[PDB]
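Next up is one chain by itself, shown in structure tokens, the form deposited in one PDB entry.
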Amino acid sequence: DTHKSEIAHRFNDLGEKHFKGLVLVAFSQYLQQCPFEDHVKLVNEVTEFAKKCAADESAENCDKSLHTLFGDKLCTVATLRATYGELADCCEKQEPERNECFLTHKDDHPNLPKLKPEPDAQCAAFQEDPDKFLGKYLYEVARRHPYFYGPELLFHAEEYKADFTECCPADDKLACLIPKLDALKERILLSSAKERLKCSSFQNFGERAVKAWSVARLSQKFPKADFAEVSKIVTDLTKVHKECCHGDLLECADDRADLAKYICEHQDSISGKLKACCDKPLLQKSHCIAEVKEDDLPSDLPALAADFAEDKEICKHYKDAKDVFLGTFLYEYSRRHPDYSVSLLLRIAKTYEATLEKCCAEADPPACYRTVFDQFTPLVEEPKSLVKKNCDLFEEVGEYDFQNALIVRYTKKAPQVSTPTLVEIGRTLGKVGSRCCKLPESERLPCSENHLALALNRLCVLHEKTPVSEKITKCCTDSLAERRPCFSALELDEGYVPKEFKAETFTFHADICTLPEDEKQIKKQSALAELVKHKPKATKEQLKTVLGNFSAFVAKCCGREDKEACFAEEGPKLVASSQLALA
């Protein structure tokens, strides 16, 4: 898309403010390591370039591609080789090779110093210089989540800004700030995961698979819209994320804005839940539509049996126009089931497909495919009871022991996985119990299982980066719709050799006493996973007891007149005797 110069075009479409915002995000995700100012200089430089081009588009070099321009700007940076390692190789390559080299080296979980609210100093710096401050924010969130949805990051920057504004000045204290900043980081964390699943999908299953997922999700959201309105939106939205994921965020943001416009101007054909979204400033608008409540079910939903199970011309339809015919099933089944997870709907469309394949090659296909809806029952029953089992446990035991139950379940299934990772998924999925399990019954299953899909994908990108098990690699290669079943089936290698015991690994010391409550928990959950790695046959209940004993002992020695002497004289007794109590 152009005027003549793509850079002018996007400068014009987006405005300086959003243009500069997006350019920073792009430079940060591509160059995660570079200092802040070194990015401010390249953003400024490039922005000036665009400005100059908007004034005279036939100016020399204004007609270059965005890659050529942006990769050039990156490739001037910081005597790279000594700092940016391989990135420097990328700089030897022409387009599209270079861009492709750059994208290939994006780094997912890179260790940098994790996000930390510091109220007085941050506030000073905020009123001192908001654009530096907000920009620092983007740079920081972007370089830590190289696949974060660019235009949503601008959105959350505004939320970050509203926080500091109403909080620095009304100062009877700044626990005005910790609630909000804590709540933001989580919405940050979840949105990054939502998007990484989108970019993961493109990378591993291509665009069809992303389409299916959308058709299923958007049909749930906009069930009053016809198959045609849903495909259009889907086509438009796939192109938006395909862009964002391939790092073209300017084109991405511009096409997104066009989609927001298209949906606000056609609400009547799409959903009755858009009025208050469609009255908002652009960034609030888009975000509002991305998180829209599902619409009420229309009164004229077709009955499905007649079309998909009783029509005697199904095999022909399925031969003559397979994709249309499958898409229509997915659109219909989905709009009907806002209470199913997306992966569940994909698995059902796939069983529907596989049944027609078998049945149409037989002597009497309709006798065969007439019970196809009966194939779905088991499939629905499985997650439902999985969610019931987990919510029940969570309600009975609370968040911390639920997290613990999960950490045991996982470490037994994959003891080769690092302890901080085993503890982090357990903690995350425990939190999902907290959020999903208190919902009305019919929204529990998607909240749970949708959130669990984001966690599994995280697990599988992390795994590809640092792999430890073929069995996980295999779960991570299956379709999105089989991923969860494969993870549920994954189980402790009968031949797995217990991890040799290491006394130091279970020895606690006094430091623990002053740590924040969550850090105290991580340290305990860490030891939990280690206990399981060393005693992989130990009972949940034995683990709960030994771990109940490690907490008692920690509490006691932390309230001790001599904290160290307490730890040193009682720690070893309990380390030895705990081994004896694990089967």
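So that there is no doubt, residue numbering starts at 1 and follows the sequence shown.
In what follows, reference is made to the form solved in complex with a small molecule, a form of this protein that is not presented.
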item	value
Stretch in contact in the deposited complex with the small molecule, which is absent here, among 448 to 456, 168 to 176, 364 to 372, 77 to 85 (heavy atoms within 4.5 Å)	448 to 456
Contact of residue 146 with the small molecule in the deposited complex (heavy atom, 4.5 Å)	no
Non-hydrogen atom contact residue 397 with the small molecule in the deposited complex at 4.5 angstroms	yes
Contact label in the deposited complex: residue 547 to the small molecule, heavy atom within 4.5 Å	yes
Residue contact check: residue 543 to the small molecule in the deposited complex, 4.5 Å heavy atom	yes
Single option in 423, 225, 387, 277 placed near the small molecule in the deposited complex, where near means a heavy atom within 4.5 Å	387
Contact residue in the deposited complex, from 123, 314, 184, 101 (heavy atom within 4.5 Å of the small molecule)	184
Rigid-part agreement of residue 446 with residue 540 between the shown form and the other one	no
